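Protein chains in written order, with UniProt numbering: chain A, 272 to 325; chain B, 36 to 480.
All C-beta atoms in this analysis are idealised placements derived from N, C-alpha and C, irrespective of residue type, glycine included.
Below is one structure; the comments refer to it alone.
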Amino acid sequence: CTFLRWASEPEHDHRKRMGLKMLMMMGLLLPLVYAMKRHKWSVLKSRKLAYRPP
Amino acid sequence: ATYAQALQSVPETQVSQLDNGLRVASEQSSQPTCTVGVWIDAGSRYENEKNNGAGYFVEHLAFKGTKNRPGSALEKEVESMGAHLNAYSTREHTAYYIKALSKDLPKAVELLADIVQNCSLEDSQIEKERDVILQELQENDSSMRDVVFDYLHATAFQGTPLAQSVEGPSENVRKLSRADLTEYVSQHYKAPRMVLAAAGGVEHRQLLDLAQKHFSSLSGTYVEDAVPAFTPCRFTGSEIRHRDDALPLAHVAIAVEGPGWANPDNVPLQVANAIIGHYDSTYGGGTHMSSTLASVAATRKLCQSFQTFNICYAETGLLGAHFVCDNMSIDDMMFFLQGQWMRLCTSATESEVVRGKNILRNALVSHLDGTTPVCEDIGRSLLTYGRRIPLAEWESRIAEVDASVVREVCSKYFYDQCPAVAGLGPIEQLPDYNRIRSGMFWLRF
């Protein structure tokens, strides 16, 4: 059964290796890209508005 | 007689110092007129939130009543000999100078002593003067250039005494009573922080004994212990946008933190600020003026008038440009003006550096003609630099600066520094603050 699983999936080892690499890579990437987004958008999210009609 | 020979002549600015601390400085010359004034360190920088605007009120009431002079009698005496008495109160200093003939010097010093010292500060005059300040507040609100600079000061030095307007918010002027003003006069109109200046047909010895015989009563005491202290201010890169589409034109002033009053980097910066230059629609140079931004603006009729300012206080100053243009030019200039800075930041050549040096030399020499500009220079320089810098020293500093100095100074001041933009009018095409900040750096350099 294990032989057949390898046979129909002759990338299992390398697929899980890529899974590990992608998981850690984007566990790094998501916080940093999100931090960049909040850094750039922070001007909008702190706009104190005002209204002074005559 | 070449420039250097004429520069040395430069009648000196002998500086004395009374025992009270009043540093009496004069500048003898040959004209039969003179300018004598007292430059006091008192402005919106020292005012607090509760009494913001007391300096303007005291300036208003200074000429009204001075006890010994009953009132309009002061005006009668001033106009008797043709003297023109004037006062200007900026954010830091405040001066009351008499523009009069040389012979009337003994009386002029006495009149200045009467104003700065014995001021009646009558309550009825306070009530009458209260309306005038409020009216002047509305006139300033109509002043479409003054309000943008006030906005720049508010947004840049936010939370600091510097952001406080000189006139004061239109709430303190409706509550400032005699007690607040008298405290302001007592705590700020002190002899050590005063310079008695006079330029023209003024004998330094004569000014000295006139001050001794008149300004002796001034003391350096500070009541029990209360001593006002200069509080350093912080430059906060921000943006304020008062979009009023009904206004015909759009004012935008963009500035970054620059140098202080006493800092050598001031000299190169003005040179750079000379390279960008200034332009108004009624110039005539048009598409030929050497300033790249000015030529670009004139070619497409981009703006109506752009100027570069070098507002410089004690510990920090504002360095940048204020431009007035229609609604659909704010973006373009914001791309061009910044780019000009970037070019001056990135690659400056000795040719335009020499041009800026000549422009700065001409500005310094031409600004210093007539008695009142010389008197103002003495009064401001003694308070700011601690001495009047002679024009020869200015020549030396301007000769020292070259393209490398300008590039490094602009890089240290302009490159990748958050600006303090402030707009007024139909400001809609004005790029978002992140666009302006991104323009502060060049992805090629």
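Enclosing beta strand (DSSP E) for residue i [first to last residue]
i, result
"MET229(B)", "229-235"
"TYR257(B)", "Careful: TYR257(B) lies outside any beta strand (DSSP E) and carries neither H nor E."
"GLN464(B)", "Looking at the DSSP string, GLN464(B) is not in any beta strand (DSSP E), and its letter there is neither H nor E."
"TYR132(B)", "129-136"
"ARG58(B)", "58-63"
"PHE358(B)", "353-360"
"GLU292(B)", "285-292"
"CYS69(B)", "68-75"
"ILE150(B)", "It is not in any beta strand (DSSP E) - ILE150(B) instead sits in the alpha helix (DSSP H) that spans 140-150."
Residue from the options whose Cα sits closest to the Cα of residue i
i, options, result
"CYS154(B)", "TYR219(B), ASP166(B) and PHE192(B)", "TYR219(B)"
"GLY312(B)", "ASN298(B), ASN393(B) and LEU253(B)", "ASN393(B)"
"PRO324(A)", "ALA281(B), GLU387(B), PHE370(B) and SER316(B)", "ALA281(B)"
"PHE250(B)", "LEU353(B), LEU187(B) and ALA226(B)", "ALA226(B)"
"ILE161(B)", "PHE270(B), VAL93(B) and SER316(B)", "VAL93(B)"
"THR271(B)", "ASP300(B), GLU206(B) and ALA189(B)", "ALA189(B)"
"residue 266(A)", "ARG396(B), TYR468(B), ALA398(B) and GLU164(B)", "The structure shown has nothing for residue 266(A), since chain A only spans 272 to 325."
"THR217(B)", "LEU231(B), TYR314(B) and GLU157(B)", "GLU157(B)"
"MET368(B)", "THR384(B), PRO454(B) and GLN464(B)", "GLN464(B)"
"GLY352(B)", "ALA398(B), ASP279(B) and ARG269(B)", "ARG269(B)"
"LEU399(B)", "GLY106(B), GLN452(B) and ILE424(B)", "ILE424(B)"
"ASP366(B)", "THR256(B), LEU337(B), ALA108(B) and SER212(B)", "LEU337(B)"
"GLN193(B)", "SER124(B), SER178(B) and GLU274(B)", "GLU274(B)"
"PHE358(B)", "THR256(B), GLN375(B), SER340(B) and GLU350(B)", "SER340(B)"
"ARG278(B)", "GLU47(B), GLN63(B), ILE75(B) and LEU459(B)", "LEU459(B)"
"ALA143(B)", "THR129(B), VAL71(B) and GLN152(B)", "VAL71(B)"
"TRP429(B)", "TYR318(B), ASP404(B), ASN397(B) and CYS453(B)", "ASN397(B)"
"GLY355(B)", "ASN103(B), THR384(B), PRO303(B) and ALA455(B)", "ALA455(B)"
Residue i in three-state terms, based on DSSP
i, result
"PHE341(B)", "strand"
"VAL400(B)", "helix"
"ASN121(B)", "strand"
"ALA198(B)", "helix"
"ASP300(B)", "coil"
"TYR318(B)", "coil"
"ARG80(B)", "coil"
"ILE413(B)", "helix"
"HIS95(B)", "helix"
"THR101(B)", "strand"
"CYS272(A)", "coil"
"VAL456(B)", "coil"
"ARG335(B)", "helix"
"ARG390(B)", "helix"
"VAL113(B)", "helix"
"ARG165(B)", "helix"
"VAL50(B)", "strand"
Bounding residues of the alpha helix (DSSP H) (the contiguous stretch that carries residue i)
i, result
"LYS308(A)", "283-312"
"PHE184(B)", "181-191"
"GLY374(B)", "365-381"
"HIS249(B)", "239-249"
"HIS223(B)", "213-223"
"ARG442(B)", "438-448"
"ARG432(B)", "426-435"
Spatial neighbours of residue i in its chain, beta-carbon cut-off 6 Å, leaving aside the 5 residues before and after
i, result
"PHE371(B)", "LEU328 and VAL331"
"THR334(B)", "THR322"
"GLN373(B)", "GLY474"
"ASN175(B)", "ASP181"
"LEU426(B)", "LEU42 and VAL45"
"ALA297(B)", "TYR420"
"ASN87(B)", "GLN199, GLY203 and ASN207"
"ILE168(B)", "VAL208"
Spatial neighbours of residue i in its chain, beta-carbon cut-off 7 Å, leaving aside the 5 residues before and after
i, result
"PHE480(B)", "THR381"
"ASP361(B)", "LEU284 and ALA285"
"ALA278(A)", "none"
"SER364(B)", "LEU337 and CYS338"
"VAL59(B)", "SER51, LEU53, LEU231, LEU242, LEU243 and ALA246"
"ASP185(B)", "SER200"
"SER252(B)", "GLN152"
Chain-order list of residues whose beta-carbon lies under 8 Å from that of residue i (same chain, five-residue window excluded)
i, result
"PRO299(B)", "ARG432"
"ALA148(B)", "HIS249 and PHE250"
"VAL388(B)", "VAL306, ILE310, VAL436, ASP437, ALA438 and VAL441"
Any non-hydrogen atom of the ligand FMN within 7 Å of residue i CB
i, result
"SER51(B)", "With respect to small molecules bound, the structure shown includes none, and the ligand FMN cannot be examined in it."
Chain C contact residues for residue i, given Cβ-Cβ distances below 7 Å
i, result
"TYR468(B)", "Looking at the structure shown, chain C is missing, and the protein chains on hand are A and B."
Tell me, please, whether the segment 235-248 of chain B touches the segment 189-202 of chain B by the rule of three or more beta-carbon pairs shorter than 8 Å. No: the two stretches stay apart, fewer than three of their Cβ pairs being nearer than 8 Å.
Cβ contact check for the segment 442-457 of chain B and the segment 284-302 of chain B: 3 or more pairs under 8 Å: yes
Sufficient close CB pairs (3 or more, under 8 Å) joining the segment 299-309 of chain B to the segment 339-348 of chain B: A contact exists between the segment 299-309 of chain B and the segment 339-348 of chain B.
Pairs of beta-carbons, one from the segment 79-89 of chain B and one from the segment 50-58 of chain B, closer than 8 Å: are there three or more? no
Across the segment 134-148 of chain B and the segment 64-71 of chain B, are there enough close Cβ pairs to call them in contact, namely three or more that are closer than 8 Å? yes
Validate contact between the segment 201-211 of chain B and the segment 112-120 of chain B using beta carbons, cut 8 Å, 3 pairs: no
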